[PDB]
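Given as structure tokens, the chain that follows is alone and in the form deposited in one PDB entry.
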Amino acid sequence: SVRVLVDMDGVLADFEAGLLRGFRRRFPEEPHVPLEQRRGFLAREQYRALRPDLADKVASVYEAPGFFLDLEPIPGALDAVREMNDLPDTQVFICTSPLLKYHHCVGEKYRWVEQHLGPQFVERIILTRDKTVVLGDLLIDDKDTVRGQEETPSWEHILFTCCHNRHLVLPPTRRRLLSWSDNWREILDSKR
């Protein structure tokens, strides 16, 4: 059996697109960061660098009620996770971190899964700020480094390509998924 931990923001749910659209809607006069100029995992810090007052503004978008509930799916993501879940000798968990400002994030993530993937996938959510203490064979995640209390996680991190990580070049000893069309089944097969 192969256990796949599938990240939520940037892999199933399009956080970055949601952030930019909410920022453009609520702060139309201010400078913004086009998606393909994004660099680094923390959008708030790139906005701060653009202009100091933008840090709190962009935070207000992703901390607002409804923000997580209303995110659009990543193309191909929901079909892929459905397909993956239905493979023999495969199990899937959705392994996601809440924001530090958790209040409108935790419940909305559960509802987003319920609505987009259904009740069977709600039961496969793991909410944690430390993914390294979750046992699995693979972690598909857009964060460029996934760190925590286990120095040597059980899983292999598969970087899922996203605007903020596109610029990185992995060494030949590592693998990137370019998108959900980039033959994920072969990565799972390497663990069988």
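Each residue number is its position in the shown sequence, starting from 1.
The same protein has a further form, the form deposited with a small molecule bound, not shown here; the description that follows concerns it.
Comment: the small molecule is not present in this chain, but in the deposited complex one of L138, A43, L159, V61 has a heavy atom within 4.5 Å of it, namely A43. For the candidate set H167, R26, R129, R147, a heavy atom within 4.5 Å of the small molecule in the deposited complex is found for exactly one residue, namely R129. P98 belongs to the set of residues with a heavy atom inside 4.5 Å of the small molecule in the deposited complex.
Shown alone here, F15 lies within 4.5 Å of the small molecule in the deposited complex, counting heavy atoms only.
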